[PDB]
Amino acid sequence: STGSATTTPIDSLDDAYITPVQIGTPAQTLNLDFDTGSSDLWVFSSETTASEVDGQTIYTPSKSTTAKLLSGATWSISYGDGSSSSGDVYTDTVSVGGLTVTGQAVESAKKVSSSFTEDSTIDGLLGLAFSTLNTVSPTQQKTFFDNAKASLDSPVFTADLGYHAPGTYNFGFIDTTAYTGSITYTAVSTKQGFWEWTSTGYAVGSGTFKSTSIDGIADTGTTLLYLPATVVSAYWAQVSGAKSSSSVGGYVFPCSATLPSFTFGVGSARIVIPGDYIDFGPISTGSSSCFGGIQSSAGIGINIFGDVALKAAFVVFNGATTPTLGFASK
């Protein structure tokens, strides 16, 4: 089998991407944030504290003939941006782009933090990291991809995120019309539960490439590109007026600037992020200070190749017995 679904930016800045997901019988369609940095499939639901729901579409398990309470199971998760959610668990039928899994753990939110409530466009998350990170207790549950894998034509999924435009998540096949040149594959460590790999270096604009190992994660659920302070300082030094602002919480730059590109290495290959991808607009409405899309990972404890980086590529998440990642230009 295979699946193919369109993923759409939630706003004009590509702050996140949502993908429609069918849950239950008859289908309840919710728009979920596909997240290769976490491993829980959770949804706003009929169980979510009423004051914490504001415009989201909810899953109502009592209206699904295939829903079953997973007795005694609870979940609780925190994300790197300070947000969190928790609740109980059902199993139900889940389909993405024509690909169906029966008996998928669907984690129903009883509580969500303020930044979830405040984003009406995100109805929940669909985790695509390794199932070892799944938070369900006392019996850990499998991701949608792990449940689907045996049935897939090939044990892979691909992320093709758009810049200010829709893109695609495919399951079970590689669309050879969706990229240019060849796909360069690189080793993955699953020791931390992430799609963790090592970039071979970087360049800023038309500058010379610096060969240096940068260990990080391919994370569709993180908006920006978080890299070591040395690398980030080298980038923003090429933008007149750019500076790190403690009060804003990162590098900002004059909105009048034209930003240089940023290149990262994948083996001997190179992926170029155009300058415009790095502009996240005014820090507040009407400001002439703009927020940068490349930020320091110091304090996070890991480097993160988030959407800013991944949307410049066609990305293969290869879930064979020894997992690997593939990157192509597009």
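Rigid core here is just the name for the largest C-alpha set that superposes within 1.5 Å across the two forms. The first residue of the sequence shown is number 1, and the count goes up from there.
Participant: Would you say which of 282 to 290 and 269 to 277 moves more relative to the shown form in 9 other deposited structures of this protein, going by RMS C-alpha distance with the core superposed?
Facilitator: The answer is 282 to 290, which departs more from the shown form in 9 other deposited structures of this protein.
Participant: Higher mean Cα B-factor in the deposited model: 110 to 118 or 125 to 133?
Facilitator: The stretch with the larger mean CA B-factor is 110 to 118.
Participant: Comparing average C-alpha B factors as deposited, tell me which of 229 to 237 and 187 to 195 sits higher.
Facilitator: That would be 187 to 195.
Participant: If I read the C-alpha B-factors straight from the PDB entry, which of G201, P138, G172, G216 is highest?
Facilitator: That would be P138.
Participant: From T158, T93, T223, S246, which pick has the Cα B-factor that tops the rest in the entry?
Facilitator: Going by the entry's C-alpha B-factors, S246 comes out highest.
Participant: Considering every modelled residue of the chain and its Cα B-factor in the PDB entry, is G301 in the lowest, middle or highest third?
Facilitator: According to the entry, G301 has a C-alpha B-factor in the chain's highest third.
Participant: Comparing against every modelled residue in the chain, figure out the third that the C-alpha B-factor of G250 lands in (lowest, middle or highest).
Facilitator: For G250, whose C-alpha B-factor we compare with every modelled residue in the chain, the answer is the middle third.
Participant: Going by the recorded CA B-factors, say which third of the chain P26 sits in, lowest, middle or highest.
Facilitator: Tercile = highest for this residue's CA B-factor.
Participant: Going by what the PDB entry lists, where does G82 fall on CA B-factor within its chain: lowest, middle or highest third?
Facilitator: Ranked within chain, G82 CA B lands in the highest tercile.
Participant: Could you say whether, by C-alpha temperature factor, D33 belongs to the lowest, middle or highest third of its chain?
Facilitator: Lowest third, going by the recorded CA B-factors of the chain.
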